[PDB]
Amino acid sequence: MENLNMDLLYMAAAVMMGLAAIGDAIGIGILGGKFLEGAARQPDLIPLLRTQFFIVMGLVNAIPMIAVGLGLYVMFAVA
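Residues in the sequence shown are numbered from 201 upward in steps of one, following the working numbering.
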C-alpha cells in the first residue's frame, strides 16, 4: 500500500493544516468585522475598511482553499 496508507497519514496532516489555516484565515476574517467598529472612528474609512475587508474575505477563504486546494490536487495526482 504505497497509495493506500499514505493517503490516510496525509489526511491527518492536511486535515490538521486545514484547522490551523482556518484559524489564521479566520483571525483576519473576524478582524474585518472587528474593524468596522474600529474604523467607525473615522467616517473617511467606511468605504475603505469595507474595501480592504471584502478582499480579505476572499483572500481569507483563499488561504485554506489554496492550502487544501494544492494538497488535494497533489493527492489526486499521485493518488
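Ideal Cβ placement from N, Cα and C applies to all residues, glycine included.
Is it the case that the Cβ atoms of residue i and residue j are separated by a distance below 7 angstroms?
{"i": "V260", "j": "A225", "result": "yes"}
Alpha carbon to alpha carbon, how far is residue i from residue j?
{"i": "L272", "j": "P243", "result": "43 angstroms"}
{"i": "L249", "j": "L236", "result": "7 angstroms"}
{"i": "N203", "j": "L209", "result": "10 angstroms"}
{"i": "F253", "j": "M275", "result": "32 angstroms"}
{"i": "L219", "j": "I228", "result": "15 angstroms"}
Note down, in chain order, each residue of its chain lying with its Cβ closer than 7 angstroms to the Cβ of residue i, except the 5 sequence neighbours on either side.
{"i": "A214", "result": "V268, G271"}
{"i": "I263", "result": "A221, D224, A225"}
Leaving out five residues on either side along the sequence, give the residues of the same chain with a beta carbon under 6 angstroms from the beta carbon of residue i.
{"i": "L245", "result": "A239"}
{"i": "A212", "result": "none"}
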